[PDB]
Amino acid sequence: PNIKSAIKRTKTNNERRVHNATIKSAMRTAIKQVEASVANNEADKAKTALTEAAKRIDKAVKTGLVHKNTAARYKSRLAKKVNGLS
RNA sequence: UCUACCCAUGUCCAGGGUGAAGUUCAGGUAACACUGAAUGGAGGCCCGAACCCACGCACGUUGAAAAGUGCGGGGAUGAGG
RNA sequence: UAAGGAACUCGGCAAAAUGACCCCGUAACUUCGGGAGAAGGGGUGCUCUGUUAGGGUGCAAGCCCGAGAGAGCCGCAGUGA
RNA sequence: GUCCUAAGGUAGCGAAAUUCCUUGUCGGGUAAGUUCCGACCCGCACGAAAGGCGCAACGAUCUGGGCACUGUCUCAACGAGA
RNA sequence: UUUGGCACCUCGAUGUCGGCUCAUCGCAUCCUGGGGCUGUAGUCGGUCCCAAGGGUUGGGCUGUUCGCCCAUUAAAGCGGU
RNA sequence: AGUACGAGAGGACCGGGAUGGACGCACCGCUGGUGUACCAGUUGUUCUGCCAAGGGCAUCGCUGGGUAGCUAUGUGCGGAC
RNA sequence: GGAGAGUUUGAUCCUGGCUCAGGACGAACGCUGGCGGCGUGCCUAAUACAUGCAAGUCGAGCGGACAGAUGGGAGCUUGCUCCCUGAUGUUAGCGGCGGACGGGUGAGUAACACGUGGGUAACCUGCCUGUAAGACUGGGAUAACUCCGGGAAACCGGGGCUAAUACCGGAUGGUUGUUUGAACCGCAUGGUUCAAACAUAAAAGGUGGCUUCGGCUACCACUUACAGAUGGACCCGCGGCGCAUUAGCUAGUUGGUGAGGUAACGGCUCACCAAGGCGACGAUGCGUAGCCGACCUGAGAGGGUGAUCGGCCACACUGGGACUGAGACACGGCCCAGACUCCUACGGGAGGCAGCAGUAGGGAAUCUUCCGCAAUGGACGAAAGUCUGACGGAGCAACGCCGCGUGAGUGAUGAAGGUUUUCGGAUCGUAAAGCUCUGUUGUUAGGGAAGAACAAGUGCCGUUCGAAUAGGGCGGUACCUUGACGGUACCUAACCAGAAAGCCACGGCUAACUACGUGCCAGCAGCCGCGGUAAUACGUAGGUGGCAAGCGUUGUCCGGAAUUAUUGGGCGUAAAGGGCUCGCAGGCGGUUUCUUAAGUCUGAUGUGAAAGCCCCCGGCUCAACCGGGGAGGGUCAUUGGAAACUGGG
RNA sequence: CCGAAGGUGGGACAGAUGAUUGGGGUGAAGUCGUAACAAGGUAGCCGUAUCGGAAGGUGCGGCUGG
RNA sequence: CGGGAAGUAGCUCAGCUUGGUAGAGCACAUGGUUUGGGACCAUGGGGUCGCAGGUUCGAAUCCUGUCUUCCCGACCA
RNA sequence: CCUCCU
Ligand SMILES: [K+]
Ligand SMILES: [K+]
Ligand SMILES: [K+]
Ligand SMILES: [K+]
Ligand SMILES: [Mg+2]
Ligand SMILES: [Mg+2]
Ligand SMILES: [Mg+2]
Ligand SMILES: [Mg+2]
Ligand SMILES: [Mg+2]
Ligand SMILES: [Mg+2]
Ligand SMILES: [Mg+2]
Ligand SMILES: [Mg+2]
Ligand SMILES: [Mg+2]
Ligand SMILES: [Mg+2]
Ligand SMILES: [Mg+2]
Ligand SMILES: [Mg+2]
Ligand SMILES: [Mg+2]
Ligand SMILES: [Mg+2]
Ligand SMILES: [Mg+2]
Ligand SMILES: [Mg+2]
Ligand SMILES: [Mg+2]
Ligand SMILES: [Mg+2]
Ligand SMILES: [Mg+2]
Ligand SMILES: [Mg+2]
Ligand SMILES: [Mg+2]
Ligand SMILES: [Mg+2]
Ligand SMILES: [Mg+2]
Ligand SMILES: [Mg+2]
Ligand SMILES: [Mg+2]
Ligand SMILES: [Mg+2]
Ligand SMILES: [Mg+2]
Ligand SMILES: [Mg+2]
């Protein structure tokens, strides 16, 4: 940039994204664990995965990444699959 | 007995493609036109071996041969061989 | 056969290049048939899914034909001559 | 106007498979084009079934220009066989 | 070296234009070397003299020789065989 | 030496030095070319009984490389004094 | 609430064009030019840009340098030095908010972009202000600073550290999801309210004062729910461009089903199915264009425009993409590509004037490289304040509109003085000659604006919190303070009406003539037309109606033009009946009665911003201007009637 | 995987320009004839054909606006 | 390159071949004409013969050079 | 058969 607070906002936002991507990745990985568990026929693990998923989901909401409606949509999708197993 | 043309009588032409007329059905109109689809299988039609021809080049030129060979080339259901 | 690429030559003569199948796509002009394989592009091996879908034959068993997909694997290159 | 004729060449095309002069002139294409294409018309010496002018398709036809392609060439080198 | 004149060799054959390949010779010198004169200030030139050692381009058009043109070059010589 | 010369424009001789073009000689260390008794990949079919691994033929089957040798477009040197 | 005129003929009536008088403007060009007050000023090249400036702030988040010194210390030339970290200050760097606003331009867009229409049951909604729970308990890293290595460099990578109101762990959290049922229902998809379980999810403290040093506070402020509000998103009816010498278009195209994505509904994306969708009521294509409030014109219907000013939209050197978040898929960011500018010792960096000024270029043509945040509004902050080319001012330019003027008034020589000539004149002309009276303004010196509300700082008092008298905040209440313009507007007072009149037109339309010089020449011309040796329209010279420092000329639009005719025209001979049928669609349709109620009509309710123009219109001395209450505004909803007529049975 | 820019290709459309060529308009006093307007000296005009320097002529059919 | 032919007023041409004379048409100017024109009629002005040299008593004329413009010719089998 | 321009 050619402004002081622009150069800060350049340097800031890069460092934010890295940290932010972590939590999305963590969430998406935690979502994959639940999805993977449906194939293997193992509800007991899927519940314990869904908690860790739900934690990682809601951490992104706090930071300001996943919208409350976005989170609402995900936890819906997962819970229907878990109940659809039994 | 070569060759030109003709006459009688035989015979040959691997394969593949294209898709004329007609027909049927559907649409279509007062009738016809006309349209589509399917079917159909025309042609000195197409690509291409055999076969027939002989366009280009090279070679050969006291030749392997008094007209050929090699590599390409043209026709190849026809006014065909 | 380096680099170049018709500068050669009367003249690209000769040679090189193109070349199969499937798919996409294809202008002027036209006698409405054509032009047309116009042009220009893409795909092409092998393995598994797979004795695939589907088809022929058969009472079946079996034998034969066989797309199109998906996932891979290898090479400089798969109509590998 | 005048002379001559049987009648004086229409349409179309034209430096042409025809044009001597001639590489006509102008334009196009090329760095450069006696060839080629388009124009023009002083047609030496086109011209209407010894047809005129066009024309899709067709051609081992002739001509000019491109892309590709190459030992055709710059300029030649090596290898195989006879 | 031209066009010719003559008709002497060759009509029981002296292949005939241009190009390609290979040159070689002359000098009336295109370039380079050396000079004189200049209407030679310089840089360039002009003109004549000496000099034949070596050098003297690739293309477009045309069968062309020649020529014109493009682009170069120190120069793009003229002739004989 | 922007010296001489010239109003300027321009712009030398003579003398130093560097580096080319064309031409020639040699040579393969380098860059490349070729390299049919080198190495490798690969198609079809056929043979070594079969598998695996190989051989034959298909332009050296084709394709990618390549040693020596021979080579130019490559390198060195020459026409100096 | 609506005016015509000239011009076809020898003359006529008609048809028919042409031209003129009006108004308008972002104007340009001539010639000319005094001042003032409001307004306006790249319409061309969304061309390229030298230079400067246009968004920075919070030290009461922050460790840290670097200062401060109230004091002790301080060797001692009283000259200078100092050793401790004073209250606290300056705040590179970290963290927060803003930077998505404000400002600019209209390139693209024929589209739910816009103007008038819904879900809000398809959404979102930080900040602000309420009502409703909390900041409890885990640490671990990292800038700066330093150490090391780079970079001539520009810029930067490692190492050990340190902080934070930066970040992450865990409990319990009404939100959220899931499930278990209810309650209650709508416009189908449903929605709203309640209860338990399972799962998940919270914070942050920095200031000043008081601590009984247990803590308890309070402005600020961190975090959670139900609100309100605000600003966005999607969807839809209906509207508003040209060309058929553009007739077929489409293949995620049209619908389904499923999956995914999205704040959100949805071919929005994809998989798998079908075969649809659109179009003569104009699809598709091409062209042109931001739309609207409005603006110009007109009796109105209409027509044209969409500079300035307000709203919606779109864009930000060209093009693509996401990140951050409540919110850009960024106007002074980044990532990548491209064309241009800059730097680079060549490895690599930096930027986008459609921000204000300015430059070049283009062009008929459009400003100052200005001063100030005093005012208004922002951002930041608790505040002081800082930043603000937004904004206020000023510069420039007759580019508009208009001021109130540039006097009033007494005064007949009709003088002076003019160009004509029937050698005489006549009009300007009560206007000046000679004045003589007043200060709208200004000719020069003295007074002097308003604009300023203040915000705070301070002093006080009711209220609510307060362990509380702390100590602040919020209602009434003092005191306090600041002006770019600018010593500028406006007043007084002289020198004094001195400084302040103009331009254009004068055949006719449309109120306004003669000498001379040309001689179809030179020239003129909106139209009709003038000039060939007596030119009331040409060259010159002397002479006069409108509006008022300008008005002529050219350009554009509406009018006149009942001249595209719905209002409001035509087709025997002026332009105009298809050569004539058969007919698809379409348009139109006898009489009665019944019924219907789409059209038709009608009542009631909601919106159609602000400005502008306008009805009453007021205020500012009237103005060249600002406020309120109305009205218009709809082929518009929703609902209740009426039912003759048109339509349906 | 998608994907801007770029590359390649064959078409579509629009503008500019082009040797030359075609009519058209305009232009005080050019050349040729005299076609039309009168029965315009062959009544004219419409469609069509053909011919001719040029207006035009001629055929066929039509019209009266003879 | 060689050979021809031109070159005369503003423009187009005679005169050149046989030496003595500068003409013609159009344009230009003036007059006539007419209201004024146009056309027509009459009357003028305007070169020194592309440039230079030569021969001659004397050169547009004959000879040469030069410049400009045309025309013709220019292997060979 | 024709009858210059204003
Ligand atoms: K050639
Ligand atoms: K041919
Ligand atoms: K002989
Ligand atoms: K070698
Ligand atoms: Mg055949
Ligand atoms: Mg064949
Ligand atoms: Mg053969
Ligand atoms: Mg080669
Ligand atoms: Mg090569
Ligand atoms: Mg050649
Ligand atoms: Mg050659
Ligand atoms: Mg060949
Ligand atoms: Mg030529
Ligand atoms: Mg060639
Ligand atoms: Mg003949
Ligand atoms: Mg004959
Ligand atoms: Mg003899
Ligand atoms: Mg003999
Ligand atoms: Mg000699
Ligand atoms: Mg070796
Ligand atoms: Mg080698
Ligand atoms: Mg094997
Ligand atoms: Mg064998
Ligand atoms: Mg064999
Ligand atoms: Mg636009
Ligand atoms: Mg009207
Ligand atoms: Mg008539
Ligand atoms: Mg009529
Ligand atoms: Mg009729
Ligand atoms: Mg007549
Ligand atoms: Mg007659
Ligand atoms: Mg005749």
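All values below come from the heavy atoms of this structure, side chains included, with hydrogens, waters and symmetry mates left out. Here is how names work: the chains are called A, B, and so on, in the same order as the sequence lines, proteins then strands, and each is numbered from 1.
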With both distances under 3.5 angstrom, what nucleotide forms a Watson-Crick or G-U wobble pair with [N]?
N       : result
G:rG589 : none
E:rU81  : E:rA23
G:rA182 : G:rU193
C:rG40  : C:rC24
I:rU68  : I:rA6
F:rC70  : F:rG33
G:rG466 : none

Could you check how far [atom1] of [X] sits from [atom2] of [N], rounded to whole Å?
X     : N       : atom1 : atom2 : answer
A:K68 : G:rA326 : NZ    : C1'   : 9 Å
A:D44 : G:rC198 : CG    : P     : 19 Å
A:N69 : G:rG260 : CG    : P     : 18 Å

Quiz item: What string of B, S and - do you get for nucleotides 318-325 of chain G, 5' to 3', if B is base contact, S is sugar-phosphate-only contact and - is no contact with any protein heavy atom under 4.0 Å?
Solution: -----SBB

Quiz item: Hey, is the side chain of A:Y74 poking within less than 4.0 Å of OP1 or OP2 on G:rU262, counting only N and O atoms?
Solution: yes

So, are [N] and [M] a pair, meaning Watson-Crick or G-U wobble with each of the two distances under 3.5 Å?
N       : M       : answer
B:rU9   : B:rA30  : no
G:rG61  : G:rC94  : yes
G:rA597 : G:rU359 : no
I:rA24  : I:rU12  : yes
G:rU176 : G:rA452 : no
G:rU406 : G:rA455 : no

Give every pair of a protein N or O atom and an N or O atom of nucleotides 101-105 of chain G that lie under 3.5 Å apart, one pair per line with the distance.
none

Practice problem: Return the stems involving RNA chain J, sorted by first number, where pairs are Watson-Crick (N1-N3 with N6-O4 or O6-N4) or G-U wobble (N1-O2 and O6-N3), both under 3.5 Å, and runs are 3 or more long. | Solution: none

